[PDB]
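To begin, one chain is listed below as structure tokens, in the form deposited in one PDB entry.
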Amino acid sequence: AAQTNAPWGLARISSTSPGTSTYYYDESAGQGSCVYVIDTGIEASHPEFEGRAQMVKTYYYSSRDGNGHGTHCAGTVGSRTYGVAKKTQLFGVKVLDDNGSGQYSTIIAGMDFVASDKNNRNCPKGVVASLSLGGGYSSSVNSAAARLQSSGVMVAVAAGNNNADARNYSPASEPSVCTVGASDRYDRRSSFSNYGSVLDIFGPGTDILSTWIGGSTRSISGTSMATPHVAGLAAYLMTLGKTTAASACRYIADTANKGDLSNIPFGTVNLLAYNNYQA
């Protein structure tokens, strides 16, 4: 399948070259997979989600996304126009308040929630969790991410936006999950992207168009935007039967475009997420 005039990041993940604008993907499109977006929530009523998104948990007075961040990330995972995996089921878990903040205890509870809640859902092709969030190093936050992964969920987390080594941030520094840095449309490391040996992969993160609250759209930047490209790619590849939740991060790194990014510090992987879709 071909989506013309796609956002650059979608075109990038199905291309061996920067500078194109059509996204190519197998029509299965992540059908039968599930992706949990653990964030500020998701505006499930947005026409872009087509009834495939729902809120499953909140820790605040509402499950509504009063920020936009979670909606934007969920859009990059699975919206009809802005999404990588256009037929996946999206589940929102609101661990972040409408200011985009959340206590680590809440975030930990959200991760353990997903590890259990997947047993209440129909995801025959597999389960992914996208975590576009983080703060300073916490062994308890890393442990929660490690448990979620161990439970059979492909965990993708943002490297962070500090232009620093991700070893000092969580859940970015948990080795057993998939830690995602950000790139731009000219294949440069995004200016704010963290780096370091703990990164597994880069995805598109600078100037990413996606859904927003009030049934709107906008372009924003962050490792928060790179992460859902990878989460959606994993759901897409698991639907194709090419990989599993436990092995998808490794499979994505194995099949990545290699050595194409500029300003990658010595010792950080030079690997850009790629779906290797051949029509």
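Don't overthink the numbering: it's just position in the shown sequence, from 1.
The same protein also has a form solved in complex with a partner chain, omitted here; what follows describes it.
- Every residue in the set 133, 161 and 223 has a non-hydrogen atom no more than 4.5 Å from its partner chain in the entry with it bound.
- Comparing 244-252, 229-237, 212-220, 23-31 against its partner chain in the entry with it bound, the single stretch with non-hydrogen atoms within 4.5 angstroms of it is 212-220.
- Taking 197, 101, 143, 150 one by one, only a single residue has any non-hydrogen atom within 4.5 Å of its partner chain in the entry with it bound, and it is 101.
- Interface residue remark: residue 67 is counted as part of the site for its partner chain in the entry with it bound, having a heavy atom within 4.5 Å.
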